[PDB]
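What follows is each chain in one-letter form.
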Amino acid sequence: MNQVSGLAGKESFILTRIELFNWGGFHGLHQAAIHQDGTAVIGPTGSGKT
Amino acid sequence: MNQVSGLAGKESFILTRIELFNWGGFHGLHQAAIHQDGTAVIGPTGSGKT
Amino acid sequence: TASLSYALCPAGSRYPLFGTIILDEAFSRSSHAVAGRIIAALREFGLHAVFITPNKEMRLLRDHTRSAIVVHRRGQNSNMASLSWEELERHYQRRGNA
Amino acid sequence: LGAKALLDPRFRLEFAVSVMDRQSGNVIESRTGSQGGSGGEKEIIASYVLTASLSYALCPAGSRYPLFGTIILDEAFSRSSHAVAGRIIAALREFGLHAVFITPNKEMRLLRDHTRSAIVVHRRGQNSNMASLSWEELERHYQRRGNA
Amino acid sequence: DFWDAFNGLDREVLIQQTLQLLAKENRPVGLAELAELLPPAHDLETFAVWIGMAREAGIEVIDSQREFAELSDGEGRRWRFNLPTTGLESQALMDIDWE
Ligand SMILES: Nc1ncnc2c1ncn2[C@@H]1O[C@H](COP(=O)(O)OP(=O)(O)O)[C@@H](O)[C@H]1O
Ligand SMILES: Nc1ncnc2c1ncn2[C@@H]1O[C@H](COP(=O)(O)OP(=O)(O)O)[C@@H](O)[C@H]1O
Ligand code: BEF
């Protein structure tokens, strides 16, 4: 299943990075790279992922 | 934990048994024992917990 | 939970006469840090709790309950077997020989 | 809707999902919505029909691959067992959509087998931050001169 | 799958083991060092616990700096974990109260 990502990034555009600044509870600049083969966002309740 | 468990069974009525007969997907007769100290109900999706 | 704990207490009494509270889909939206507080509050108010969960937070239930009701499906029929955590541990150890 | 069912093509046909049997090819369930169901069994209906319809909207007619291929799932698998969430991930793979899963530290071992990075988010006081983590497989050989 | 979920990581125990290791060493220790000295069986979630402890204790994590670790599974599979650079210190983590 995982190796099927080879088509992703070649036939289509896929998100790869998110940048934030003074958004929500994220004071100042913040960043998070997003992997080609899928990714997860984890953190305790009330952490800011949503 | 048991220092607090003394309340159960002493002061209040505690559910200690449920018995079913041709209820939902439970053909025939069934019964689940509820421990007076707290019970969990586990099982994969769509197995009859609800 | 606080409202129910009050409601089930007979007038002039501090402990509820009916003690069981069912939490269906117990912790689908909370981590350990919040589920533990839910359990602590639930026991503080004097209720005896029965939790439902589709195999989630199993490690947390193991520490605050003493028996599990394993319900599994086969075709159109469903079966339930009640066990203690330790008996299920022995079952897992037998599985461990595979 | 009376004039819609006359002049609007979208209202000229009613839709409904159907579960087919792999062997015989017969119908087991006709499901115009998601009523009933257990939850997880309801969530899989929702995710399947949403992903299938999401590739409809994101694809020009006849194209196999949508030009925009990412999908975001909040509270991923919040009320589904592992065996069911596996099939949601499989469906997302079949249509070819890069997936971003959110979860409050649940089903971690599931994401472990279907993702290659995580974004740990944490809060202290009135501030929050993020950290990047990743992993890959050294497939060259599990253990040379050994079973694999 | 039921048994695999039943054998879940004991979150509390890992905290105690990490605190014991930090008391034994008494020095800045990176995530790779914690991985090598305390090889996890639930690698991904254990790393989440360590980063959570670091953030909770105020020990900020240099995301822009990278450090590596190597682990394996119960079926021979071997993985290479890319991690952020940070260093735990026992004093701050023992000042904090753990939930
Ligand atoms: N508009 C808002 N109203 C109330 N609280 C908010 C709001 N926006 C942010 N918050 C705070 O910021 C966080 C937003 O929710 P969040 O933590 O991202 O959800 P999740 O538990 O999925 O991570 C919460 O800690 C919340 O307390
Ligand atoms: N009265 C009913 N209406 C619709 N579906 C039902 C009904 N009774 C049983 N079902 C089936 O039996 C199960 C009932 O839901 P259930 O499994 O108890 O939910 P949960 O996953 O929380 O345990 C489901 O698999 C469902 O498909
Ligand atoms: F699985 Be059911 F929604 F309790």
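This text goes with the structure placed above it.
What counts, and at which threshold
- Residues numbered from 1 in each chain as written, not as in the entry; some residues may be left out.
- Chains lettered and ligands numbered in written order.
- Part of a larger assembly, values for the part shown.
- Heavy atoms only, no water.
- Near = heavy atom within 4 Å.
- Polar contact = N/O pair within 3.5 Å; in protein donor to acceptor, adjacent residues only side chain to side chain.
- Areas by Shrake-Rupley, 256 points an atom, 1.4 Å probe, with all protein chains shown as cover.
- Nonpolar A, V, L, I, M, F, W, Y, C, P; charged D, E, K, R; others polar.
- Helix = DSSP H or I, 4+ residues; strand = E, 2+ residues; numbered from the N terminus.
- Contact = heavy atoms within 4.5 Å.
- Buried area = accessible area lost by both parts, 1.4 Å probe.
- Salt bridge = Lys/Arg side-chain N within 4 Å of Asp/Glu carboxyl O.
- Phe/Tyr/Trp six-rings, centres within 6.5 Å; stacked < 30°, edge-to-face > 60°.
- Buried < 20%, exposed > 50% of the residue type's maximum accessible area, 1.4 Å probe, protein only.

### A short note on the site of ligand 1
Every residue close to ligand 1 is listed here: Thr45(A), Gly46(A), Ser47(A), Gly48(A), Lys49(A), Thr50(A) and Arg123(D). With respect to ligand 1, its neighbouring residues span chains A and D. Backbone polar atom of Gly46(A) to an oxygen atom of ligand 1: 2.9 Å apart, as the coordinates give it. Burial of ligand 1 by the protein amounts to 43% of the accessible area it has alone, namely 550 Å². When the residues that make up the shell around ligand 1 are grouped by side-chain class, the tally is no nonpolar, 5 polar and 2 charged.

### Here's the deal with the side chain of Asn55(C)
By the secondary structure assignment, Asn55(C) is in the loop between strand 2 (48-53) and helix 3 (58-64). A polar contact is formed between the side chain of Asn55(C) and the backbone nitrogen of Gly43(B), at a distance of 2.9 Å. When near neighbours in sequence (up to four residues on either side) are disregarded, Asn55(C) contacts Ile42(B), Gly43(B), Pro44(B), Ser81(D), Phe2(E) and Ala5(E).

### What to know about the interface of chain D and chain A
Between chain D and chain A, the contact holds 38 residues from the first and 32 residues from the second. Between chain D and chain A, roughly 3300 Å² of surface is buried when both sides are summed, and carbon and sulfur atoms account for 58% of that area. The interface formed by chain D and chain A contains 0 salt bridges. Linking chain D to chain A there are 26 residue pairs in polar contact. Contributions of two or more residues to the side of chain D that touches chain A are made by helix 3 (82-95), strand 4 (98-103), helix 4 (108-112), strand 5 (117-124) and strand 6 (127-137) of chain D.

### Digging into the packing of aromatic side chains
Two aromatic rings are characterised by how far apart their centres lie and by the angle between their planes. Residues and elements named next belong to chain C. The tally for this structure, following the rule as stated, stands at 10 aromatic pairs over all chains. Ring geometry for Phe-27 versus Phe-51: centroids 5.7 Å apart, planes at 40 degrees, classification tilted. One end of the pair, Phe-27, is in the loop between strand 1 (20-23) and helix 2 (32-44); the other, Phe-51, is in strand 2, with 24 residues separating them in the sequence. With relative accessibility at 3%, the residue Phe-51 sits in the buried group.

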